[PDB]
Structures are given as C-alpha cells and as structure tokens.
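Only one chain is given next, in structure tokens, and it is the form deposited in one PDB entry.
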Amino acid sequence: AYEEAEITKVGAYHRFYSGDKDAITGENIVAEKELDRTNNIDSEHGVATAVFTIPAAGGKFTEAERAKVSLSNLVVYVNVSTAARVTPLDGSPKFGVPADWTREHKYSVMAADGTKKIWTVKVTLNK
C-alpha cells in the first residue's frame, strides 16, 4: 500500500489568457481547457500511454487559441499512487509545463517508503 509507485492517470490541459480581466482585482484571467483522453497504463511493462483529443473550439477557447495547442508545446500531468512523488529523469520535461511531447519521456515515481519505479510516458494528440 505504502509500497506503491504507480502512475494512475496521464492527462493534458491548455491554460491561456482569455482576454478578460477580473471584475474585482483587474488580474488577467486564465482559462483552462482540459483535453479529452484515453490512457493505456501497462504497469508490468513500465509504460503509460495516452491519446489526447483537443476539444472543439468554444467560449474563450477560440479556434485561434485551439490552433496554438500542439504536441511540440503540450502540458502533460499525471496522477500517482497515494503519497508517491514523481521526478523527471534527466532530460525529460516537467509535468505541468509546456513541453516537447513529440517523443516519449521517462520518470521515476517514488513510493512513500522510498522505493521507486521507472515509467515511460508516451502521448499523442488528435485534432
């Protein structure tokens, strides 16, 4: 239980300035669009795969904005086992930062007990 170092979800989203300013503070508003996803998490082979689909333009996610989302500058995130922590291997991008996801990347997930498991994360993008 405390021994678990699993990836449980691989997701993606795009945050961008909507062009609005907050009604009270004037702060530039960030709209967040979650991408549609399927995962194939294959624990026994140390690989987690996802196919993301960019949702249709709508609201502040205009066609112009939708055109800015690409596999070369994609924000990926994961969920992991309870109380586990994930670290990019040297050269892999951080989760939550726009990054080049045209190639697969490796991560070390550390379980609460300090043991680890290496994961390969590979994603593709559909439009």
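Here, rigid core means the biggest group of C-alpha atoms that superpose within 1.5 Å across both forms. Shifts are known only where both forms have a C-alpha. Throughout, we count residues from 1 along the sequence that is shown.
Asker: 81-89 versus 96-104: which one carries the higher mean Cα B factor per the record?
Answerer: That would be 81-89.
Asker: May I ask you to compare 42-50 and 65-73 by their mean CA B factor in the entry and name the higher one?
Answerer: According to the entry, 65-73 carries the higher average C-alpha B-factor.
Asker: Ranking the modelled residues of this chain by C-alpha B-factor as given in the entry, is residue 109 in the lowest, middle or highest third?
Answerer: Ranked within chain, residue 109 CA B lands in the middle tercile.
Asker: Hey, what third does residue 121 fall into on Cα B-factor, ranked over its chain?
Answerer: It falls in the bottom third of the chain.
Asker: Against its chain's modelled residues, does residue 5's Cα B factor rank lowest, middle or highest third?
Answerer: For residue 5, the deposited C-alpha B-factor lands in the middle third.
One more form of this protein should be noted, the form deposited in another entry, which is absent from this view; the next part is about it.
Asker: When the rigid core of both forms is overlaid, which of 97, 83, 89, 29 is the one whose C-alpha moves 2 angstroms or more between this form and the one not shown?
Answerer: Going through each option, the one that shifts is 29.
Asker: Following rigid core alignment, is the displacement of the residue 18 C-alpha between this form and the one not shown equal to or greater than 2 angstroms?
Answerer: Moves: yes, 2 Å or greater.
Asker: With the rigid core superposed, where do three or more consecutive residues all shift their C-alphas by 2 angstroms or more between this form and the one not shown?
Answerer: Residues 14-32, 63-68 form the runs that move by 2 Å or more between this form and the one not shown.
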